[PDB]
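J.: Have a look at this one.
Number of protein chains: 4
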Amino acid sequence: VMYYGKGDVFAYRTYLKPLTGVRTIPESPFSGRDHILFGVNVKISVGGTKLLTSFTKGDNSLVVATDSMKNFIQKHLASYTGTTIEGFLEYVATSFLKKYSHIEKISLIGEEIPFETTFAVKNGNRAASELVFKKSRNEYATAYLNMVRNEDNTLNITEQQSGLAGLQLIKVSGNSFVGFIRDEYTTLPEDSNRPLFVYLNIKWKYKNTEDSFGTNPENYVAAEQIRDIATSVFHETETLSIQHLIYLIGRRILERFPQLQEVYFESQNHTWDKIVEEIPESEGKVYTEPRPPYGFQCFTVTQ
Amino acid sequence: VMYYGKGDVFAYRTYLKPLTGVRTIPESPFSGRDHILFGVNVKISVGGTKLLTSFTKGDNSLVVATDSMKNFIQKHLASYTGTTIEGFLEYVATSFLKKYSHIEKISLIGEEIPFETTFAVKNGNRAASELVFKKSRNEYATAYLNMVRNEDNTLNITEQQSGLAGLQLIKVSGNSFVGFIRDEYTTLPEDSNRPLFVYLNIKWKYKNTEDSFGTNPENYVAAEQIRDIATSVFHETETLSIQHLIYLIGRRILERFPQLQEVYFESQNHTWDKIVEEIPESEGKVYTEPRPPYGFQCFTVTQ
Amino acid sequence: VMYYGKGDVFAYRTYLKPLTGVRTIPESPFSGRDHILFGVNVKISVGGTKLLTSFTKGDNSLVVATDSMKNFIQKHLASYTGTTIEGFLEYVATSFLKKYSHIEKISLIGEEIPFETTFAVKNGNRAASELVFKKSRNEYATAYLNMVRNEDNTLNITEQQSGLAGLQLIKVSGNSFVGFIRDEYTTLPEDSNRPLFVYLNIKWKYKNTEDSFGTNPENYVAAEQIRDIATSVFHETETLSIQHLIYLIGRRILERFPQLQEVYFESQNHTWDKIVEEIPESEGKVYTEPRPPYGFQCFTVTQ
Amino acid sequence: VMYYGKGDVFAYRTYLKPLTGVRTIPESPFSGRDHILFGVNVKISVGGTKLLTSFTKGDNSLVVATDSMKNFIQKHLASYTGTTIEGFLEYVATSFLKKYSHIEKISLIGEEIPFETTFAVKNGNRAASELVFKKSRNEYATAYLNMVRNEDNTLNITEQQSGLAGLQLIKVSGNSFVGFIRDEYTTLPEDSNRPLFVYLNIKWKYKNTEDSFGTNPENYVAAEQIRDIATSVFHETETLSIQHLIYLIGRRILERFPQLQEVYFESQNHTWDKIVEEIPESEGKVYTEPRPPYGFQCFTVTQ
Ligand SMILES: O=c1[nH]c(=O)c2nn[nH]c2[nH]1
Ligand SMILES: O=c1[nH]c(=O)c2nn[nH]c2[nH]1
Ligand SMILES: O=c1[nH]c(=O)c2nn[nH]c2[nH]1
Ligand SMILES: O=c1[nH]c(=O)c2nn[nH]c2[nH]1
Ligand code: NA
Ligand code: NA
């Protein structure tokens, strides 16, 4: 392995071109993005056989300083005329390979820094502010891209993936986990009705890489829509396990977006422990945080 | 100083009595809380001169185990019939002093563990789910209470405070910071138009402690309303400093809630650094994260 | 309340004046600090009636910019000729009040950013490197200082406190917790031999502020020496509770350092849960991490 | 992808069999581990075609509960008679595949939870306590192991890797970074003498998996010895870049440990910003923390 790059390249852009013209789905009212505030955290990795002596001999002649990679990314966010993170990564990658002939491969990760609408009273009525935004530490969109230069100096995207990260959902009832293996290692009781709490990281790949850029937005798959499918399916489903649930979520995603080739899930179980089961004259209970061990699942659904 | 207690007592309650009957204000559509899911993190501190030998001699005869304090809190959330965190703390404090005669003082902190509505398709239409909630890591309500036992075994609340924590707001334009001291220690340029980014912690005290419990909800001051005043005022104001802004927020809060005696602010400046000032044929710019040092302000406004 | 300031002011000085000649105690080898690398995280808060209109009217004419206070601190670290954080704080406080006549009160917190020696083979043998150091995320020394300007234009230190933070100690054997109250809320089983795991924050005050500065190192009390008393006493003691343990640590501290007026403890309990009680052909046991709730104690020993 | 498992499985064993007789190297004093306290954080992932219907149909009949895998790990730590994390992983892997015939693949990650000796005055003199230990949040050893069940029912280790994580090293002098590309994106000034601050994660593979277990300690490569080579080499070297530095560390590692097949580096640059270039009557300088973006390097040296 041989590569280097820059991490935590935060870049905030105002008044990016709005994303509109999206194709709707029943599970989501998502209709586009205003892009008054566009925040991204970018990681960049570059490689190439001509970097060897930078390691083996301390020769920096062909080293793009990582500081300069940060400048490159931030400058390109100012000139970017597109409407998605996926498109932004493509802009950066193509530009970077055309600038630096000795680099054979670039890998980029972009993670949305999300903001939420706030409201203000003005002109006699309360309405959404165009100036004040609330920084969110909840779920966010993600994007991944790998580009390579060939022997004839053409460039090819070799892998692309989009995603939604940091989704934390609890369903208070309508979940079971029964029937699992009961042997000398089992102390977990069967539960007919648990408050399943799951962390979801969902990633998806397109059949055609161009649909990820948003140039023809009707073919774009928004993380917001994926979020809304996941919450809807979790609601609709009498879950039998987290495994059971994410398969059904993946199925719904690929049904809604026939342009997707696959969807990949990384889930974690953070369900609370029960303390009070019976509350007189009430259907409530009390739960508390569990010990640190968490179950997890990794699963791909293919079109 | 001599006291002990328990921290990070997480307790999640389902179907608490809903909060309704709230008095509205122009800045906020807040109309109550469903309380399908009610989450609280509780810290408890207890003291009393009869605890001395537990320290000076290792005599545990009068020590309520901190583990038992956790049990006490969680059990009392199951039996609590009220509608606010402030009321919950009062329930716990009064119960605890009546149980343990040798304790002269209790101090409690409760921090909301907030959840957000999600949506699902069912019965032919998309609607808010009554079962699936999204865990939020953004702002949350808080409450503080101190109770003491007197020589005649009566109990008195000696201090109460409510608050909103974790509010992070950025205003992209309409802020200035000019006119400050320029001497041999000043290298900060004057800025006519900056994207002020502030962290706000806002606490408020009532003129009458009973108005904090929500038993007569019309007198309750909801953290949600405070949130909405802060976002509205930040929007409305051509800010001259963070000091300038939080004074105006405090003023609006005390005008809206004449039952409040004071409001206290802890603010932090996390404004981004400018990278790209001019973008051809566009009013956008690019900013990035600053170095770690942050300015802060602490300020009380009184009625 | 009315004040403002700067936090997370990191400053790293190389080749500070070494601290030498500190009187040793039998529990600790500590005699001084080489100060090849001296790292500190400072928080500064300033107050004054003349700051009012900075809040009420947005008048910045008497606002030292928080950015300037960061410059003030970092420049003063470069010009400090002393040998302790406590003395640095006094240097900064005195210089700042002398510079800015409109300030009536300055409060400073300094936290060491600690580093540890590493091995290097020098003349064919391993030695402590004078060049390479390891950044530690374990315990660190702290200092706190308040200074005011009086009616007659004199300056006076109103409060000074040194400390040790982040000490995490576990004693595998020789700890009991028994004899505590058993009633309807008690589920904690008595334990005659538990692996007590405590977090410790220890703060001490001097009889004479002068001694905090280290100008006469014979009277200086180093955090490193406090660390070593705490670990020796915890080893020596069959603890009966954390309460019992910290009282004994405090007594020893005050015996060794008669110039100290008091020692303050903030302790947390993080003892693991036992999973395996007895292992064949061994004295060993297996434990795991507990649920989040943690006990805590706070207690002051006076000379 | 299809697998599932348990993470953050903390397990603390007292009085594990000591590791003794490890062949020493001149850069490190390390000869073994007392194992009075042996702490590990395990992550387990299992796969198998027979798990499909657990996802597609919600059939739990062939689901080992993740909670049971936690029990499996913690019980096996109690019965492990070996002396290394690498050997523990093999013990667990082999036992788990033998127990559950429907599993085709197990992957294990083990991370040391490190502890450090403390001082106690025993017979009138300070010594390392056999009872009291300090929890460290600095560097720690790691291990990784994949095992499969073949067609003919035999088990085979498909991958094994040991490592060291969380090493943070700063060298105050003797580091340059010069001669890198200067073009329209370059703003980083050349530096002939910088206080290079690097984060290091080092992972190594053995020529013979057998050597990882420590059954014959003469062939075991301890993370502690890797730590000491890294610090010695960093001291010895006038570094020309982090790239240059890690290549040299790798070469030394492989020279000292000829049984190793390769060494892999993941390095980050966290060098401070300089604030004061020259201080009168001293060789010292002042620095502060940089903006968030950090450089990183990844490189593999082979035997
Ligand atoms: O949904 C679940 N899947 C699992 O594999 C599991 N194991 N314990 N609990 C569980 N819940
Ligand atoms: O609003 C502000 N208040 C301040 O005190 C300050 N100091 N630097 N920038 C600042 N901004
Ligand atoms: O040392 C302890 N003190 C306490 O007060 C306590 N309560 N639970 N466990 C405890 N251990
Ligand atoms: O050692 C370094 N390598 C790099 O690639 C680099 N880029 N900026 N600074 C750097 N330092
Ligand atoms: Na729209
Ligand atoms: Na309503």
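Here the protein sequences line up with chains A, B, C and D, keeping their order.
Here the first sequence stands for residues 181 to 483, numbered as in my numbering.
Here the second sequence stands for residues 181 to 483, numbered as in my numbering.
Here the third sequence stands for residues 181 to 483, numbered as in my numbering.
Here the fourth sequence stands for residues 181 to 483, numbered as in my numbering.
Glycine residues also receive a C-beta, built at the ideal position from the N, C-alpha and C atoms.
Mind checking whether the beta-carbon of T366/D lies closer than 7 Å to any heavy atom of ligand 4?
T.: Residue numbering aside, residue 366/D sits at position 186 when the fourth sequence is read from its first letter. It does not: the Cβ of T366/D is nowhere closer than 7 Å to a heavy atom of ligand 4.
J.: Would you mind telling me which residues of chain D sit closer than 7 Å to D408/C, beta carbon to beta carbon, in chain order?
T.: Mapped onto the third sequence, residue 408/C falls at position 228. In chain order: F299.
J.: Can you pull the chain A neighbours of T411/B, defined as C-beta to C-beta under 8 Å?
T.: Here residue 411/B refers to the residue found at position 231 of the second sequence. Neighbours of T411/B on chain A, chain order: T298, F299, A300, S309, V312 and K314.
J.: Let's see if you can read the secondary structure: which residues bound the alpha helix (DSSP H) around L434/C?
T.: As a first step, residue 434/C is located in the third sequence; it is residue number 254 there, counting from the start. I422 to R436 is the span of the alpha helix (DSSP H), which, as asked, contains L434/C.
J.: Quick check on the DSSP output: the beta strand (DSSP E) that includes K250/D runs from which residue to which?
T.: Within the fourth sequence, numbered from 1, the residue matching residue 250/D stands at position 70. Looking at the DSSP string, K250/D is not in any beta strand (DSSP E); the run it does join, the alpha helix (DSSP H), is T246 to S259.
J.: Could you check how far apart the C-beta atoms of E331/C and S316/C are, in whole angstroms? I think they sit under 8 Å.
T.: Sequence index remark: in the third sequence, residue 331/C carries index 151 (1-based). Sequence index remark: in the third sequence, residue 316/C carries index 136 (1-based). Not really, about 45 Å apart at Cβ, beyond 8 Å.
J.: Given a limit of 8 Å on CB to CB distance, which residues of the stretch 420-438 of chain D reach chain A?
T.: Hits within the stretch, in order: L420, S421, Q423, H424, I426 and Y427.
J.: Which one or two residues does DSSP pair with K285/B in a beta bridge?
T.: One-based indexing of the second sequence puts residue 285/B at position 105. Per DSSP, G227/B and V328/B.
J.: What did DSSP end up calling residue 518/A once you bin it into helix, strand or coil?
T.: Because chain A spans 181 through 483 in this model, residue 518/A falls outside it and cannot be assessed.
J.: For ligand 3, is there a heavy atom less than 7 Å away from the beta-carbon of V243/B?
T.: Sequence index remark: in the second sequence, residue 243/B carries index 63 (1-based). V243/B: yes, Cβ under 7 Å from ligand 3.
J.: Determine whether the Cβ of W452/A lies closer than 8 Å to any Cβ atom of chain B.
T.: Position 272 of the first sequence, counted from the start, is the residue given in the question as residue 452/A. Yes, because at least one Cβ of chain B sits closer than 8 Å to the Cβ of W452/A.
J.: What is the DSSP secondary structure of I265/A, counted as helix, strand or coil?
T.: The count along the first sequence starts at 1 and reaches residue 265/A at position 85. Helix, per DSSP.
J.: Which residue's Cα is closest to the Cα of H282/D: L231/D, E319/D and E461/D?
T.: Looking up residue 282/D in the fourth sequence gives position 102. When each option's Cα is compared against that of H282/D, the closest is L231/D.
J.: Does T366/C come out as helix, strand or coil in the three-state DSSP assignment?
T.: Walking along the third sequence from the start, residue 366/C turns up at place 186. Coil, per DSSP.
J.: Consider the C-beta atom of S208/B and the heavy atoms of ligand 6; say whether any pair is separated by less than 7 Å.
T.: The count along the second sequence starts at 1 and reaches residue 208/B at position 28. Incorrect: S208/B has no Cβ contact closer than 7 Å to ligand 6.
J.: What does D453/B pair with, by DSSP beta-bridge criteria?
T.: Locating residue 453/B in the second sequence gives position 273, where the first residue counts as 1. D453/B is bridged to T468/B.
J.: Which residues mark the beginning and the end of the beta strand (DSSP E) in which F479/A is found?
T.: Position 299 of the first sequence, counted from the first residue, corresponds to residue 479/A. First-last of the beta strand (DSSP E) with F479/A: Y474 to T482.
J.: Using a Cβ-Cβ cutoff of less than 7 Å, which residues in the same chain neighbour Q348/D once the five nearest sequence positions on both sides are dropped?
T.: Mapped onto the fourth sequence, residue 348/D falls at position 168. Excluding residues within five positions, the ones whose Cβ falls inside 7 Å are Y379.
J.: Measure the C-alpha to C-alpha separation of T367/B and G359/B and round it to an integer number of angstroms.
T.: The count along the second sequence starts at 1 and reaches residue 367/B at position 187. The count along the second sequence starts at 1 and reaches residue 359/B at position 179. Each residue's Cα considered, the two are about 13 Å apart.
J.: How would you label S259/B, buried or exposed, when you count the other beta carbons within 10 angstroms and need 16 or more for buried?
T.: Position 79 of the second sequence, counting from 1, holds the residue named residue 259/B. Answer is exposed; the Cβ neighbour count stays below 16.
J.: Exposed or buried, which one is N305/B when buried takes at least 16 other CB atoms within 10 Å?
T.: Taking the first residue of the second sequence as position 1, residue 305/B is located at position 125. Classification of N305/B: exposed, given that the 10 Å Cβ count is below 16.
J.: Could you check whether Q439/D and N388/D sit closer than 8 Å to each other, using their CB atoms as the reference points?
T.: Position 208 of the fourth sequence, counting from 1, holds the residue named residue 388/D. Position 259 of the fourth sequence, counting from 1, holds the residue named residue 439/D. Their beta carbons are under 8 Å apart, which means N388/D touches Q439/D by this criterion.
J.: Does any residue of chain B have a CB that is nearer than 8 Å to the CB of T200/D?
T.: In the fourth sequence, the residue the question calls residue 200/D occupies position 20. Not one chain B Cβ lies under 8 Å of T200/D.
J.: Decide yes or no for the touch test of the stretch 205-213 of chain C against the stretch 461-479 of chain B: beta carbon pairs closer than 8 Å, at least 3 of them.
T.: Flag = no, the stretch 205-213 of chain C and the stretch 461-479 of chain B do not touch.
J.: Using only alpha-carbon positions, find the residue among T338/D, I429/D and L257/D that is nearest to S462/C.
T.: Taking the third sequence and counting its residues from 1, the one referred to as residue 462/C is at position 282. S462/C has its Cα closest to that of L257/D, out of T338/D, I429/D and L257/D.
J.: Does the beta-carbon distance from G262/D to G394/D come in below 8 Å?
T.: Counting from one through the fourth sequence, the residue named residue 262/D turns up at place 82. Counting from one through the fourth sequence, the residue named residue 394/D turns up at place 214. Yes; because the gap between Cβ atoms is below 8 Å, this pair is in contact.
J.: Can you tell me which of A245/D, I429/D and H424/D puts its alpha carbon nearest to the alpha carbon of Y184/A?
T.: Residue mapping note: residue 184/A aligns to position 4 of the first sequence, counting from 1. Measuring from the Cα of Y184/A, the nearest candidate turns out to be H424/D.
J.: Could you give the C-beta distance for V443/B and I216/A, rounded to a whole number, given that I count them as a contact under 8 Å?
T.: For the purposes of this step, residue 443/B is taken as the residue at position 263 of the second sequence. For the purposes of this step, residue 216/A is taken as the residue at position 36 of the first sequence. Contact flag wrong, Cβ pair sits at about 30 Å.
J.: If we define contact as Cβ-Cβ less than 8 Å, is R193/D a contact residue for chain C?
T.: For the purposes of this step, residue 193/D is taken as residue 13 along the fourth sequence, with counting starting at 1. Judged by the 8 Å Cβ criterion, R193/D is in contact with chain C.
J.: DSSP on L196/B, reduced to helix/strand/coil?
T.: Position 16 of the second sequence holds residue 196/B. Coil at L196/B, not helix or strand.
J.: Taking 8 Å as the CB-CB limit, is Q340/B close to chain C?
T.: Along the second sequence, one-based indexing puts residue 340/B at 160. False, the Cβ-Cβ gap to chain C never drops below 8 Å.
J.: Along the stretch 341-367 of chain C, where does the CB come closer than 8 Å to a CB of chain B? Name the residues.
T.: From the stretch 341-367 of chain C, only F357, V358, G359, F360, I361, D363, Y365, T366 and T367 have a Cβ closer than 8 Å to chain B.
J.: Write down the C-beta distance between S225/D and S287/D rounded to the nearest angstrom, noting that I regard them as a contact closer than 8 Å.
T.: Mapped onto the fourth sequence, residue 225/D falls at position 45. Mapped onto the fourth sequence, residue 287/D falls at position 107. Correct: roughly 4 Å between the Cβ atoms.
J.: Quick one: list the residues of chain D neighbouring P460/B, beta-carbon separation under 8 Å, in chain order.
T.: As a position in the second sequence, residue 460/B is number 280, starting the count at 1. What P460/B touches in chain D: nothing, since even the nearest Cβ is about 17 Å away.
J.: Can a CB atom of chain A be found closer than 8 Å to the CB of residue 494/B?
T.: Nothing about residue 494/B can be read from this structure; chain B reaches only from 181 to 483.
J.: With distances taken Cα to Cα, identify the nearest neighbour of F190/D among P294/D, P460/D and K302/D.
T.: Along the fourth sequence, one-based indexing puts residue 190/D at 10. That would be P294/D, whose Cα lies nearest to the Cα of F190/D.
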